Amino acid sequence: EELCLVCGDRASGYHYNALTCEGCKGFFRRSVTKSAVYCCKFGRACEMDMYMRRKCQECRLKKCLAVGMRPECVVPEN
């Protein structure tokens, strides 16, 4: 299909410089615009998939970053 580098769902395009799905695109955008800080309530080593992505925001945001989604490209100044 194509594959989101974060969760393995079907990617819809490159978002903030990384091939990702709509879910991760939006999760990334919200997390960054609000400068959210998450805390993994598990082992801080969650593996991402379509189930786990909803279960751990901290590990999902880290994966987003590790894969190349760029925070600085989220609503920059102009």
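The first residue of the sequence shown is number 1, and the count goes up from there.
- When 43-51 is weighed against 23-31, 43-51 comes out higher, by mean CA B-factor as recorded in the entry.
- Among all modelled residues in this chain, the alpha-carbon of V75 has a temperature factor (C-alpha) in the highest third.
- Sort the modelled residues of the chain by CA B factor and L5 lands in the middle third.
- In this PDB entry, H15 carries a Cα temperature factor that places it within the highest third of its chain's modelled residues.
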